[PDB]
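One chain comes next, on its own, written as structure tokens: the form deposited in one PDB entry.
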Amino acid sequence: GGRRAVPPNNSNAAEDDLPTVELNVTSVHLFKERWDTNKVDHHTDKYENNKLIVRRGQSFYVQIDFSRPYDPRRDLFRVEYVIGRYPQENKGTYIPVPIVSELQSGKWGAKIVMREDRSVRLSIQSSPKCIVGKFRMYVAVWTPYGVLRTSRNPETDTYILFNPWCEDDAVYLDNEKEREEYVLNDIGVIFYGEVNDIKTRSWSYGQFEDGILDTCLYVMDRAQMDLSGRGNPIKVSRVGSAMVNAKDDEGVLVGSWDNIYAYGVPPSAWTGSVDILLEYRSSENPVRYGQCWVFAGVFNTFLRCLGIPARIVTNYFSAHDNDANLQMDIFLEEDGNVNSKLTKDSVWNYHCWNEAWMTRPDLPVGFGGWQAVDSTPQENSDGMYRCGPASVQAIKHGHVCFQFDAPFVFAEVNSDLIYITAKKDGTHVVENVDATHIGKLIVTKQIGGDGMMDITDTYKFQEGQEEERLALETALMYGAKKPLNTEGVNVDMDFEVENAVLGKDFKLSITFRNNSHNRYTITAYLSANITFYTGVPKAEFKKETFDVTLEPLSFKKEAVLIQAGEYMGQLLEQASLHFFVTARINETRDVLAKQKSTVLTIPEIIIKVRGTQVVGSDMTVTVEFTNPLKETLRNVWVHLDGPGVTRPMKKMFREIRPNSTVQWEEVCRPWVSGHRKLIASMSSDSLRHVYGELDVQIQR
């Protein structure tokens, strides 16, 4: 056909039927059953699936009943696995599994583990590099006139996932604790807020829930992904992440940061990946709407479900859309005030990306392990896409020369803020530089429980360390950018905001230390704005200039008060507030700068249960939320979730008068034993990004 002899098979759903005729089998028994050896041994017993699911590079048992006794003399047969529509032994999409005296490592094969009166028990092993997907099983009998082969049989469809338990698999992770956490765990916690006030919230990955695995295969099919590569964790993450953010009626989620969300579910409402993945599957069109942590919850569900050890990572004060520039420009005016016309770039209060576990045989030795993949697009070499998989280890050392998109995730965590006064005659002069703001704290969920784990030391060295300065020296050599010459760049200023609840008042003190044996005349300015979590300004709710005289060896503190009415009028979804404080030392003309952010605390949702905490047993769940506003919250949606206990659900209240409390009781029949969890979220026409949860423990 001009282009290629055979078309590409980039669909695991398209199937071809192998001919039945160019000894015979009567029944093929696999030991599926979620209690049986196979599933229990492959660690695929939690999957709500009624087919055999194994993990590559490992043996599993199967049994073939022949019409007559298998005789090693005049008999010859082999099990066949085939995927997609144009199988090719050449591409790994047609695997003849030959009978062997013993199984070698890294090769396919079947040992006749035992035979008894017309049946043969088999031990089948698979290559540790096997294509991940859902294969078809057949049994071929090689007669002197042609192969005789089984008919199409759905109940034998075997799923072959990645295998972090196998040391020959690139996805290998050598620690059962981590294995459980990064692969087996189907509940997760997402960190946000601001570096000073870390807020957490649970998300449901739900990889083992009914259907999720088949949709993970659907995304790939939708990406027209060559089957020959689904066995590559790299290209798998490379393609998988590009599918997450809907590039025009294409991907999974439709991103959006417009506090309206004109026609869908506000990003702040979702409780997990489940209903999201199932909605994409059923509608077959992008789901509206999503934002970083959402994209992150979903991509993580996709990975874990296939068996690639993944986890979500949150960076505080993220320099997004850096275009590999290591500098953020803050434009101060001649008298010292932040210039709003020019200052157009912002630091995100926080940003969430993923890390995947794998080896990097495409790079030198030492860069394998955790890989950074950011599904939130930004301009990189290809032009506005997801970034990664970039080796966190190389990032740490500044080796941004190795793929993929490493110079852009490096800048997310290493940028500097440059305070530059643009003279009114059209000139510039950089007054100061803040090397310590961006990438102040990078964090993730710990292995034990719902705690926090500081993984900052992994992306970067400690400041001042030559290794730190070296990584910069290196980064700068292969694509890092520091366009402004910061040449020549004794008062110590710093301020603090006390965190408050939504609707209440708070203080913001400014401290001024003067170590010199002399006095100064400072002129300060406080500028408070209302911002999106991305750090983008909506408005300046409070401006305030100060006039401070500093005696030598003086230390003066001033206290400003932010009254609730000064902000309650114009707040945004995540309750973010940004503070800028700059000063001029009239004598020497030095400009001091400092900026911080805070979020207002939102009261949680209450989840309470009564009944029988037993699988199969009806257990009633009670949900209740109190509208803590002096206004009536309209069109209130409360979301309920809890994998293994409840499928996701949601309810709506036309309105909730100021200060009244609602309640929602639904009865669930927990289908999983052990510690499970219940998760709630709130979203209305105004207040949203409200969450609640509960630690149930199902019995049986």
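Start at 1 with the first residue shown and count on from there.
In what follows, reference is made to the form solved in complex with a partner chain, a form of this protein that is not presented.
In the bound PDB entry, the partner chain sits beyond 4.5 Å of every heavy atom of residue 353. In the bound PDB entry, the partner chain sits beyond 4.5 Å of every heavy atom of residue 279. Put simply, residue 293 is close to the partner chain in the bound PDB entry: some heavy atom of it is within 4.5 Å.
Among residues of the shown chain, residue 204 is not one whose heavy atoms approach the partner chain to within 4.5 Å in the bound PDB entry. In short, of 280-288, 590-598, 301-309, 338-346 it is 338-346 that has heavy atoms within 4.5 Å of the partner chain in the bound PDB entry. Contact annotation: of the candidates 459, 317, 208, 579, the single residue with a non-hydrogen atom within 4.5 angstroms of the partner chain in the bound PDB entry is 317. Though the partner chain is absent from this view, in the bound PDB entry it lies within 4.5 Å of a heavy atom of just one residue from 274, 330, 137, 550, which is 330.
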